[PDB]
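These notes concern the structure reproduced below.
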Amino acid sequence: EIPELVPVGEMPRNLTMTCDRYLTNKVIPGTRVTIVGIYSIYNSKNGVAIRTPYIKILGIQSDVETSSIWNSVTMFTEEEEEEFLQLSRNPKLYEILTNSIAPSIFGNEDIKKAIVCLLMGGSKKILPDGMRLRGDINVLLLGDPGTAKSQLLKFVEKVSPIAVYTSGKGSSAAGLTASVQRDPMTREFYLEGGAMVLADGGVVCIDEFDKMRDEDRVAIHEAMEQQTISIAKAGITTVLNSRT
Amino acid sequence: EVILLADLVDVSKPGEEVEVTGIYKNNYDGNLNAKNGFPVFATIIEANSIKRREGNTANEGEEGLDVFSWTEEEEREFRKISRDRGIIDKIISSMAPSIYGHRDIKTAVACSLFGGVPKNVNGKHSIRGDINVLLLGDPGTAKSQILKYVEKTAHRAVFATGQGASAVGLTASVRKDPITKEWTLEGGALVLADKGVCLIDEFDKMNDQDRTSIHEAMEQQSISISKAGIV
Amino acid sequence: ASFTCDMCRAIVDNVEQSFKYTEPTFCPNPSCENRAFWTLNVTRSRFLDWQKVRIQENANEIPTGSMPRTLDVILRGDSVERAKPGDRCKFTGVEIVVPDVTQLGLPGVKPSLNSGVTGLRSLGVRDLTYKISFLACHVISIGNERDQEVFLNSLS
Amino acid sequence: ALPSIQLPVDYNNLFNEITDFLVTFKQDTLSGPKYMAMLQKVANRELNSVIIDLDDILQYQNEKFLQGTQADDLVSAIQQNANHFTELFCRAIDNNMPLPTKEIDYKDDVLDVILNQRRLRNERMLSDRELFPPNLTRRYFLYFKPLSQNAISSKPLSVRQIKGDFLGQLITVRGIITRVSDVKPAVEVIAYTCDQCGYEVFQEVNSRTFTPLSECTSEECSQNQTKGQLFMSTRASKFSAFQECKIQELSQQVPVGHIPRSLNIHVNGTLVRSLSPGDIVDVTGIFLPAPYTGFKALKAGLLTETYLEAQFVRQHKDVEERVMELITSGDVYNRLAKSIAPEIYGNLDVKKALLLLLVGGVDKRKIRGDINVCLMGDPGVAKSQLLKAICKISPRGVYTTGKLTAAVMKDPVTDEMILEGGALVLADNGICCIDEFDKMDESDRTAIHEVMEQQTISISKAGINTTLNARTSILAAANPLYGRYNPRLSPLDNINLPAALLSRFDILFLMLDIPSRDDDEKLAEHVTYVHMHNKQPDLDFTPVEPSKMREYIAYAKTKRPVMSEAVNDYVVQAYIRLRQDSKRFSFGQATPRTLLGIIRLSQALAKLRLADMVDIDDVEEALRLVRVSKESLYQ
Amino acid sequence: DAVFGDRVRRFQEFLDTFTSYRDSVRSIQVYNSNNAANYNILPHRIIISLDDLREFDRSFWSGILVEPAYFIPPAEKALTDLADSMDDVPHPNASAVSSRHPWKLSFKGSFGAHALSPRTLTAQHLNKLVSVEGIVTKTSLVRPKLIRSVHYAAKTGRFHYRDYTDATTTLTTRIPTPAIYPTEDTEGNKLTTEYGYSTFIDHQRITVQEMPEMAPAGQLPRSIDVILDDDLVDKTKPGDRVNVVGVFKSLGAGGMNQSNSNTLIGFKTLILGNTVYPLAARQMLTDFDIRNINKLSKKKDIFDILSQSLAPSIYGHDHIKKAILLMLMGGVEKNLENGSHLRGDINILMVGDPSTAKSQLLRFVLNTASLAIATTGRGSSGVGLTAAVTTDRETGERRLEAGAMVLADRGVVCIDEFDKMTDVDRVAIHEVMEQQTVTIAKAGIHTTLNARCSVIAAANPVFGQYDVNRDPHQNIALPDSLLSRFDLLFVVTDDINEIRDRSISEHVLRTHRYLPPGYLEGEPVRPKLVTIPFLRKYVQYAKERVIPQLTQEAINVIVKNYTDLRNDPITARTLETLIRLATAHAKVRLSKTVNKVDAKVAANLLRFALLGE
Ligand SMILES: Nc1ncnc2c1ncn2[C@@H]1O[C@H](COP(=O)(O)OP(=O)(O)O)[C@@H](O)[C@H]1O
Ligand SMILES: Nc1ncnc2c1ncn2[C@@H]1O[C@H](COP(=O)(O)OP(=O)(O)O)[C@@H](O)[C@H]1O
Ligand SMILES: Nc1ncnc2c1ncn2[C@@H]1O[C@H](COP(=O)(O)OP(=O)(O)O)[C@@H](O)[C@H]1O
Ligand SMILES: Nc1ncnc2c1ncn2[C@@H]1O[C@H](COP(=O)(O)OP(=O)(O)O)[C@@H](O)[C@H]1O
Ligand SMILES: [Zn+2]
Ligand SMILES: [Zn+2]
């Protein structure tokens, strides 16, 4: 459920849902979505008269999420594309994007320019010898308290289409990168993605980076630079891509 | 095991201390007779009501399910006493009546107990509304009795002290369930004070990792967790 | 235990359950021919308190290099909650033997390593195992009121 | 439902060929039919194992070809389907069973009395005024031996090369047996007795499971239709010594990037208990599938396991005249030192200590007779090569790493934990070579004291407390925490070993990687001289003889010499001299335990010279070796 | 059936039109007859091209690529009839007569939309022939499966056979047989099973996971389970970049039973694998490639050409790339008579400053090797590197799965951030570097596993930046015992310069200005130097073809250089290290002898690695 609408003193409740036919493979994990559907009941194999509820999805809508699983595909409408071309033809769109980032934060103009450069990002390049070079920039705001750095982190998490917000104290090595968990029914290990897998192709934001543990900071080096997480644990070895 | 039906669902919370007034029934199950060897019946409490056990409740004068609830005549008396000039000084002087002096302490506790207003600007900016108060003082100045009074007084109040409060005893933690071995979240001390007061005793002697793990709750009013595949 | 017939609502009461939950077989109404499907009467039936405490021998009588042998002791009636764990204590009462309840065909339980006795009709082809337990009738343990009137009443 | 096909193999003609081969064949190439003599020995209860050789069958059909007639290719029919041919050969033997020629001892056989009473039953019931299964009367266990040097059974195969097309065929595998279970009885004929009619019935077992009979199916019991209850009797039942073991693929046979597979070998009859764990063996056996029964067979469906019913098992693995030849060769100490581990150069005294580790000391009725030696040296001076080599000369020894210990592990064939022996268990009456003695666990740091002191492995796990046998001499290899050796560093501080361990322990040897130009050359052309030609180089000395040491050291263990009293007085004087030196940097002093170690070295050289007395010059050379250890403590 | 017979004669007409398949079947039969009966067995499979069948009958081609359950068994029957009519053998065996595997079909050619991936395998492609590409994972154990049982009756003296059908074995759906042997015949009285004449096929389950480079943003790679037919069993090891062509099929009740009234579970989907392609790890070598290789081997600076041919985007580290070249073509291994295992695999540890492109060289030797497995300091476990014991799904039996360090056998391991292993992983890594075999003694399992693999690793110093104070202890945070097993300890310093810094700057701006061919300008991506496939062919040719041997004119130079380097962190192992360089340079020259030019280059490279030159 939405964290803005959780009840007082409780936990967000996970609810299992189903999609059929062309509604499948439309959402990436981590998006915020509005869903219309019927609230039906199905019997589960796991007291008295307990039949677990679910929602059969009839409709998916999300402005933050685009193009389902990413295929570098142009699904923007034609008049919106012409409006976007008009914005790209604006002689002072740089100041517009600077003022769009943090309108309620005074100063920090160079930080806002670096934030806009982070949101647009560089270009990923491929060489014939397999040399992969980075197409993203990583920005660290080091400074005194009261400079509204975490508010900039929250606004970056709001503006970016794919974004996650994490802690330094609330983090872990298997939490930011992908983790190795166990399926209950099959008793087989499987890799479940972490915070840098949910932010693939987008922005990860870290708060209190000075305080995250020394074993916890250094699982991120290949995920910042090589744009991949190479995991060889529990009989599973793989190189997942994390373009964060 | 206690059954919650109709309105009683989602009233209780994990870690919340309650007084359940309910019908004590028994039913036959085969597993207890299987593993015990005697004709033994399981016991099931069907709850008729849940009362939150807020505070010490050593006073037996508050007769009701919710002590912080009110009637219409109580609201009329609130509107009567709110229009009295000098109600601020009455609240400050009445805050912790067993402690003499310390007007700055009682004023700061009144400000922290009532709190400000959290603000949302255009769906884009968030402003913290609660007030955090530190009491630095010499021993024998009744700093902890004020904390116990806020425990009695606040609608929701959580206590922690010393080395006994861990970094994940506060904030929130994650744990592996014995059923299906899945990673599930567990609410910490700050989760149980979502619209209330968290109170720390002997703040300096607590470990730095345990002292200052509460920056995101005390600044962003939020707990961001990324561990064990849980964000 | 008291049960009601589901056909003609006849009442059979004072059914005694030794070690498994049992239902009456023959309906006492001669017009009715019911054999199964009897409903329990929770209110009419009479219940007793039960407690199973697990004991082991004291460290004084443990010989060299042996794990302590264990014994289950049943407390019923007034003797429940009399013995707290970890105390040197003496139980006087009855040594009993308990059967495998799952091997007797309990309703709603699947039949469940040492070979025991068999050849019973309730067992069918299954075998029955036995465990040594105790049915204690009296317990002793060998290991406030801050008012004047109650203290002088309690005084000799 | 069950359609029928035709195959070009006649079982009646092949049975006639077998029953003519049993009475016709005789082996005169070695210098009456020999198989008839073997069946006569079966009838005289001399032997219980009948081994049919396929080379004999091939020579018999070759002799038939020499006579001009042609056989029906009997050995190919054995190799295609040996399971039916086992019972066919058993029936051919039972058709040609010779009469006994000695005392029968009729009181021991209960089945003879039972069948006598059943023949009395049959003559009485049919007076009118098969009776038994053939596996009940069989006292012989039939085995097959493959052809060799004459063809699929002749060719040895790996475990991975055994495929699904090899089921039903006599195959041969090469492998190491990992786990051998205990010898368990498996039934073949169950006898049931009727309490009412007084008759019996026999039920044959050819599966992993069987169901018992509840009511008797006798004619007399069913004519009056009394419902007599059958009672199982283990006295008249037919049994066999069954053992299941697991064979593993050899690592040379495993392809690159694969995990070796395991196969089940079931042995029955007189071939039981010959299989040993950790033994590389050749097993020729009938490759049969193992089907389930009931719900497992219904759920797994066509997907079926397999096993191997072993038929033949082959092990892969004057002396005094050679001992006298080694005596007349001269310089047995230097030859046996430089012959051991020919890839290294020099370092003669520590190499003699490595020899005397294998020699060992005498015991007393108790004081341990084991010698223990350590290499307390710099890295890169070939520690692990010496450990592996000294494992390879002396048998009953294993290379181990301290990264070690014995522990019973779970997930066995049974649900309970099996007492799987560790490195210290399998090295008993032998040598254990522990590498990285600095880098080792705290539990092992507890365990080494009980290994040296009381020579047992005391493990208490899952309510089971046991003391396994480890009568083991210890080699240790310990590099220091810093690679370089300096006089500013104390020896005990550099090695970081506890003082109680070295107090128990006898002899440390410290060799250092000191750069000397001529010494580095004499090592360098040797190290690259093993790289010039194939395998071992020329030794420019008396050459190595790797087979020769293992019997000479066994004889050295066999003598156990006893020394005289004046030599003991000289030993007392030398011990007083070393305590006076202990009054005189390495702190390590002479102890009474070092005096016992000096004694152990003394009868070790008494064992090597095959001598009855310990010589005086032998004692002073042993104390010279103690002075060499002191020089090692200095450098 | 009538339509079954019609497709049988249609495929017979197709096999009559193209006589190459008849020639291949005849070649397989005569090879089996020559290598089996007379003084390594070609199985029953043919390479069917979809393209060659497409110009014959487009209806049959669409039937194969759309509804293959009704089209592949008729082609099987037609091919079996052609193989029976072509075979003319006298006096056959009874097991040969009773047990004949039908000639299975293996498919090649273009597939169009049916050539797919395990993620995009969806429900519209069920009961269709598809080609998938991905990583082999979780190979089940090889276990036999009965498809025909032959029994003998002695009272009648007749052999009765019964055919056994499974959902995975047959493309068509038959009534399942409960796999119970017939105890007795209806007229033949008692029946005895005759193993050896019964027909068994090897059964194996693999798991094709999606290739992780083709994963989209925010999603984990998916996987499928592929059944392997008995010809294709053990063709695949885990970590193989396989291309499997097979029928994507669904089986089972799948929750449609009356017990599962409202369970929302789906059907179990598999692929019945018709054929398996390696997709060329050991590339085939045409004679033109051999002519190019032996032409360039005669050049005096072939070492330099093949060194700067490795990673032209990386500036500097020329001796490091020379060591990388000698690492890919590692030296000869010698196994002595007494059993000492002398390592011929050179291993390299590169320690130094950030952004000295050590991890980029790790990525390059990941891409350009025949078999390469990467690992990271905080993304590895010691059990996860060697082997882990787990149950198997189709067996209900415990077995090993190899970790990272064993699956890279006869290959390279690309360790990044080696300075920050957990000590548990350090124990396992040091065990492989000192032993090359791992011993697993747990879960009732006593096994040894071979790992004859090379290691290239990258590391930072214990400080943030590398010190020029030449302190031995602050080079690496790992112990010196693990430093000793590494043959070449290269150290790199990012010393701050002006001219060389401008050269590196202009080189990386030339690197960024590259545009990949055939792509539009400004769009998102979707002195002789030899090409990298030609370099891989050179490495493969040197690896399998030539085995060099060692000769005295390198040896006097080697012992002189060792005495010079040691007598004026040095180890006796360095001698073996020179051999691990020297014959490796012989593998550059392709000669079977080692000369002075190998030893001088070896001494220069080791002096660069230790002293810095
Ligand atoms: N320029 C600014 N404009 C508006 N609010 C600000 C500004 N600077 C600081 N603040 C306020 O002060 C607080 C600063 O918190 P912040 O510095 O983000 O925490 P941290 O020190 O963890 O980064 C914020 O809650 C913000 O509301
Ligand atoms: N007006 C007051 N000022 C100071 N101390 C008081 C007052 N009234 C009561 N106390 C005493 O203070 C004690 C509690 O002090 P406490 O808060 O535990 O000390 P600390 O501040 O060192 O934690 C009580 O026992 C009470 O008797
Ligand atoms: N004759 C020899 N003298 C000295 N060293 C040798 C000789 N032959 C081989 N070596 C080297 O000794 C090394 C063995 O190393 P080892 O002593 O096990 O290291 P550590 O002492 O760190 O365990 C081998 O790598 C080999 O290169
Ligand atoms: N020609 C070059 N010279 C120096 N550095 C380069 C060159 N080309 C690329 N690089 C840089 O090397 C970096 C990779 O090294 P790095 O990731 O620091 O290795 P590690 O992860 O082992 O520390 C890349 O960020 C790239 O920008
Ligand atoms: Zn009734
Ligand atoms: Zn009878």
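Each chain in the structure tokens gets a letter, A, B, ..., in the order shown, and its residues are numbered from 1; ligands are numbered from 1 in order too.
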Fill in: Interface list for chain A, partner chain B, 10 Å threshold, only C-alpha atoms, as number ranges by chain
A: 3, 7-12, 30, 101-105, 150-152, 154-155, 158-159, 164-185, 187, 191-198, 206-208, 211
Item to complete: Using only C-alpha atoms, determine which residues of chain B fall within 6 Å of chain C; present them as a PyMOL selection string.
Response: chain B and resi 30+34+37-39
Item to complete: Mind listing the helix (DSSP H, G or I) residues of segment 38-223 of chain B, per DSSP on the backbone, as a VMD selection string?
Response: chain B and resid 72 to 82 87 to 94 103 to 114 143 to 153 162 to 164 191 to 193 208 to 211 215 to 219
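Neighbouring residues of ligand 4 at a cut-off of 8 Å, counting only C-alpha atoms and all ligand atoms, are residues 133, 134, 221, 222, 225 and 226 of chain A; 313, 314, 315, 316, 352, 353, 354, 355, 356, 357, 358, 359, 360, 362, 416, 417, 458, 459, 460, 504, 505, 507 and 508 of chain E.
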Could you write out the selected residues, including N, CA and C atoms, as a PDB file, in the first residue's frame?
```
ATOM      1  N   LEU A 133      31.522   1.504 -20.928  1.00  0.00           N
ATOM      2  CA  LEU A 133      31.819   2.725 -20.198  1.00  0.00           C
ATOM      3  C   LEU A 133      30.530   3.267 -19.600  1.00  0.00           C
ATOM      4  N   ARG A 134      30.663   3.984 -18.488  1.00  0.00           N
ATOM      5  CA  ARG A 134      29.500   4.352 -17.694  1.00  0.00           C
ATOM      6  C   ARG A 134      28.706   5.465 -18.370  1.00  0.00           C
ATOM      7  N   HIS A 221      30.649  -0.969  -5.102  1.00  0.00           N
ATOM      8  CA  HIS A 221      31.697  -0.466  -5.992  1.00  0.00           C
ATOM      9  C   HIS A 221      31.506  -0.937  -7.431  1.00  0.00           C
ATOM     10  N   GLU A 222      31.241  -2.232  -7.623  1.00  0.00           N
ATOM     11  CA  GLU A 222      30.933  -2.714  -8.964  1.00  0.00           C
ATOM     12  C   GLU A 222      29.559  -2.244  -9.426  1.00  0.00           C
ATOM     13  N   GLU A 225      30.254   1.408 -10.522  1.00  0.00           N
ATOM     14  CA  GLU A 225      31.173   1.644 -11.628  1.00  0.00           C
ATOM     15  C   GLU A 225      30.940   0.686 -12.792  1.00  0.00           C
ATOM     16  N   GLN A 226      30.983  -0.618 -12.531  1.00  0.00           N
ATOM     17  CA  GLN A 226      30.838  -1.612 -13.586  1.00  0.00           C
ATOM     18  C   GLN A 226      29.397  -1.783 -14.051  1.00  0.00           C
TER      19      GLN A 226
ATOM     20  N   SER E 313      41.507  -0.001 -26.458  1.00  0.00           N
ATOM     21  CA  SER E 313      40.937   1.124 -25.727  1.00  0.00           C
ATOM     22  C   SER E 313      41.698   1.409 -24.438  1.00  0.00           C
ATOM     23  N   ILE E 314      42.383   0.415 -23.883  1.00  0.00           N
ATOM     24  CA  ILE E 314      43.148   0.609 -22.656  1.00  0.00           C
ATOM     25  C   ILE E 314      44.551   1.084 -23.015  1.00  0.00           C
ATOM     26  N   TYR E 315      44.914   2.268 -22.529  1.00  0.00           N
ATOM     27  CA  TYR E 315      46.236   2.846 -22.720  1.00  0.00           C
ATOM     28  C   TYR E 315      47.139   2.450 -21.561  1.00  0.00           C
ATOM     29  N   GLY E 316      48.410   2.217 -21.865  1.00  0.00           N
ATOM     30  CA  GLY E 316      49.336   1.773 -20.851  1.00  0.00           C
ATOM     31  C   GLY E 316      49.110   0.311 -20.504  1.00  0.00           C
ATOM     32  N   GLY E 352      46.754  -1.738  -6.906  1.00  0.00           N
ATOM     33  CA  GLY E 352      47.139  -0.358  -7.124  1.00  0.00           C
ATOM     34  C   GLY E 352      45.996   0.622  -6.996  1.00  0.00           C
ATOM     35  N   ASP E 353      46.235   1.799  -7.578  1.00  0.00           N
ATOM     36  CA  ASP E 353      45.385   2.966  -7.424  1.00  0.00           C
ATOM     37  C   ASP E 353      44.037   2.768  -8.117  1.00  0.00           C
ATOM     38  N   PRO E 354      43.010   3.511  -7.694  1.00  0.00           N
ATOM     39  CA  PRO E 354      41.741   3.498  -8.433  1.00  0.00           C
ATOM     40  C   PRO E 354      41.886   4.092  -9.826  1.00  0.00           C
ATOM     41  N   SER E 355      41.002   3.637 -10.722  1.00  0.00           N
ATOM     42  CA  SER E 355      40.904   4.077 -12.121  1.00  0.00           C
ATOM     43  C   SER E 355      42.189   3.832 -12.904  1.00  0.00           C
ATOM     44  N   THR E 356      42.923   2.779 -12.553  1.00  0.00           N
ATOM     45  CA  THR E 356      44.022   2.293 -13.372  1.00  0.00           C
ATOM     46  C   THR E 356      43.588   1.157 -14.289  1.00  0.00           C
ATOM     47  N   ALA E 357      42.270   1.004 -14.480  1.00  0.00           N
ATOM     48  CA  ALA E 357      41.643   0.088 -15.440  1.00  0.00           C
ATOM     49  C   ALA E 357      41.994  -1.374 -15.185  1.00  0.00           C
ATOM     50  N   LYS E 358      42.109  -1.770 -13.915  1.00  0.00           N
ATOM     51  CA  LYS E 358      42.293  -3.187 -13.614  1.00  0.00           C
ATOM     52  C   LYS E 358      41.000  -3.967 -13.819  1.00  0.00           C
ATOM     53  N   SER E 359      39.869  -3.402 -13.385  1.00  0.00           N
ATOM     54  CA  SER E 359      38.586  -4.069 -13.572  1.00  0.00           C
ATOM     55  C   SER E 359      38.172  -4.089 -15.037  1.00  0.00           C
ATOM     56  N   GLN E 360      38.612  -3.104 -15.821  1.00  0.00           N
ATOM     57  CA  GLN E 360      38.358  -3.143 -17.257  1.00  0.00           C
ATOM     58  C   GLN E 360      39.158  -4.245 -17.941  1.00  0.00           C
ATOM     59  N   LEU E 362      39.892  -6.963 -16.326  1.00  0.00           N
ATOM     60  CA  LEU E 362      39.118  -8.121 -15.882  1.00  0.00           C
ATOM     61  C   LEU E 362      37.922  -8.375 -16.791  1.00  0.00           C
ATOM     62  N   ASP E 416      37.433  -9.510  -8.668  1.00  0.00           N
ATOM     63  CA  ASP E 416      37.509  -8.080  -8.419  1.00  0.00           C
ATOM     64  C   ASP E 416      37.306  -7.823  -6.933  1.00  0.00           C
ATOM     65  N   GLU E 417      37.988  -6.783  -6.434  1.00  0.00           N
ATOM     66  CA  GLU E 417      38.015  -6.404  -5.015  1.00  0.00           C
ATOM     67  C   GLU E 417      38.469  -7.570  -4.137  1.00  0.00           C
ATOM     68  N   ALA E 458      42.124  -8.314  -9.067  1.00  0.00           N
ATOM     69  CA  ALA E 458      42.409  -6.893  -8.920  1.00  0.00           C
ATOM     70  C   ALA E 458      42.164  -6.466  -7.481  1.00  0.00           C
ATOM     71  N   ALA E 459      43.013  -5.571  -6.980  1.00  0.00           N
ATOM     72  CA  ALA E 459      42.930  -5.153  -5.590  1.00  0.00           C
ATOM     73  C   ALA E 459      43.478  -3.743  -5.422  1.00  0.00           C
ATOM     74  N   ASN E 460      42.988  -3.089  -4.388  1.00  0.00           N
ATOM     75  CA  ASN E 460      43.429  -1.805  -3.880  1.00  0.00           C
ATOM     76  C   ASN E 460      44.306  -2.010  -2.654  1.00  0.00           C
ATOM     77  N   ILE E 504      46.773  10.125 -22.344  1.00  0.00           N
ATOM     78  CA  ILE E 504      45.664   9.299 -21.860  1.00  0.00           C
ATOM     79  C   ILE E 504      44.331  10.025 -22.037  1.00  0.00           C
ATOM     80  N   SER E 505      44.327  11.347 -21.833  1.00  0.00           N
ATOM     81  CA  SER E 505      43.114  12.145 -21.995  1.00  0.00           C
ATOM     82  C   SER E 505      42.634  12.156 -23.441  1.00  0.00           C
ATOM     83  N   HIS E 507      43.421   9.920 -25.649  1.00  0.00           N
ATOM     84  CA  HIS E 507      43.054   8.550 -25.987  1.00  0.00           C
ATOM     85  C   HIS E 507      41.641   8.211 -25.521  1.00  0.00           C
ATOM     86  N   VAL E 508      41.255   8.642 -24.316  1.00  0.00           N
ATOM     87  CA  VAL E 508      39.906   8.312 -23.856  1.00  0.00           C
ATOM     88  C   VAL E 508      38.853   9.209 -24.506  1.00  0.00           C
TER      89      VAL E 508
END
```
When the cut-off is 10 Å and you count only C-alpha atoms and all ligand atoms, which residues lie near ligand 2, shown as a CSV table (one decimal) with N, CA and C atoms, in the first residue's frame?
```
chain,number,residue,atom,x,y,z
B,96,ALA,N,3.2,18.0,34.8
B,96,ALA,CA,4.0,17.3,35.8
B,96,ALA,C,3.8,18.1,37.2
B,97,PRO,N,2.6,17.9,37.8
B,97,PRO,CA,2.3,18.7,39.0
B,97,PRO,C,3.2,18.3,40.2
B,98,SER,N,3.8,17.1,40.2
B,98,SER,CA,4.6,16.7,41.4
B,98,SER,C,6.0,17.2,41.4
B,99,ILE,N,6.4,18.0,40.3
B,99,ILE,CA,7.7,18.6,40.2
B,99,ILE,C,7.6,20.1,40.4
B,100,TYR,N,8.5,20.6,41.3
B,100,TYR,CA,8.5,22.0,41.6
B,100,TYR,C,9.5,22.8,40.7
B,101,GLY,N,9.1,24.0,40.3
B,101,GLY,CA,9.9,24.8,39.4
B,101,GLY,C,10.0,24.2,38.0
B,102,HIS,N,11.1,24.5,37.4
B,102,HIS,CA,11.5,24.0,36.0
B,102,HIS,C,10.4,24.4,35.0
B,135,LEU,N,16.6,17.2,27.5
B,135,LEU,CA,16.8,17.7,28.8
B,135,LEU,C,18.2,17.3,29.3
B,136,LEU,N,19.1,18.3,29.4
B,136,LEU,CA,20.4,18.1,29.9
B,136,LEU,C,20.5,18.7,31.2
B,137,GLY,N,20.9,17.9,32.2
B,137,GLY,CA,20.9,18.4,33.6
B,137,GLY,C,21.7,17.6,34.5
B,138,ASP,N,22.0,18.1,35.7
B,138,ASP,CA,22.6,17.4,36.8
B,138,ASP,C,21.7,16.4,37.4
B,139,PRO,N,22.3,15.3,38.0
B,139,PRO,CA,21.5,14.3,38.6
B,139,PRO,C,20.8,14.8,39.8
B,140,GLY,N,19.7,14.2,40.1
B,140,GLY,CA,18.8,14.6,41.2
B,140,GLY,C,18.0,15.9,40.9
B,141,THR,N,17.7,16.1,39.6
B,141,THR,CA,16.9,17.2,39.1
B,141,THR,C,15.6,16.8,38.5
B,142,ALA,N,15.2,15.5,38.8
B,142,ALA,CA,13.9,14.9,38.3
B,142,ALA,C,13.7,15.0,36.8
B,143,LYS,N,14.8,14.6,36.1
B,143,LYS,CA,14.6,14.6,34.6
B,143,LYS,C,13.8,13.4,34.1
B,144,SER,N,13.9,12.3,34.8
B,144,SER,CA,13.2,11.1,34.4
B,144,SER,C,11.8,11.0,34.9
B,145,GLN,N,11.4,11.7,36.0
B,145,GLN,CA,10.0,11.7,36.4
B,145,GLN,C,9.1,12.5,35.4
B,146,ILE,N,9.7,13.5,34.7
B,146,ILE,CA,9.0,14.1,33.6
B,146,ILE,C,8.7,13.2,32.5
B,147,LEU,N,9.7,12.3,32.2
B,147,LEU,CA,9.6,11.3,31.1
B,147,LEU,C,8.5,10.3,31.5
B,148,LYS,N,8.5,9.9,32.7
B,148,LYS,CA,7.4,9.0,33.2
B,148,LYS,C,6.0,9.6,33.2
B,201,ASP,N,15.9,7.7,28.0
B,201,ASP,CA,16.6,8.0,29.3
B,201,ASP,C,18.0,7.6,29.2
B,202,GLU,N,18.9,8.5,29.8
B,202,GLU,CA,20.3,8.4,29.8
B,202,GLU,C,20.9,8.3,28.4
```
Practice prompt. Give the residues of chain A that lie within 6 Å of chain E; count only C-alpha atoms, and format the answer as a PyMOL selection string.
Written response: chain A and resi 42-43+70+197-198+200-201+219+230-235+240
Discussion item. List as a ChimeraX atom specification the protein and nucleic acid residues near residue 141 of chain C, meaning an atom at most 9 Å away when only C-alpha atoms are counted, but skip any in the same chain fewer than 6 places from it.
Written reply: /C:82-84,87-91
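Between atom CA of residue 118 of chain A and atom CA of residue 120 of chain B there is a distance of 25.3 Å.
Those residues of chain C that fall within 10 Å of chain D when using only C-alpha atoms read residues 65, 66 and 67 of chain C.
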Please provide as a PDB file with C-alpha atoms, in the first residue's frame all residues within 6 Å of segment 336-343 of chain D, with the sequence filter that same-chain residues fewer than 3 positions apart are discarded (counting only C-alpha atoms).
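Saved result, result_22.pdb, follows:
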```
ATOM      1  CA  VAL D 332      71.466 -47.074   4.424  1.00  0.00           C
ATOM      2  CA  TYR D 333      70.816 -43.749   6.217  1.00  0.00           C
ATOM      3  CA  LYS D 351      65.329 -35.534   5.756  1.00  0.00           C
ATOM      4  CA  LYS D 352      66.766 -38.145   8.129  1.00  0.00           C
ATOM      5  CA  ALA D 389      55.801 -37.249  -0.640  1.00  0.00           C
ATOM      6  CA  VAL D 544      65.828 -44.032  -6.103  1.00  0.00           C
TER       7      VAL D 544
END
```
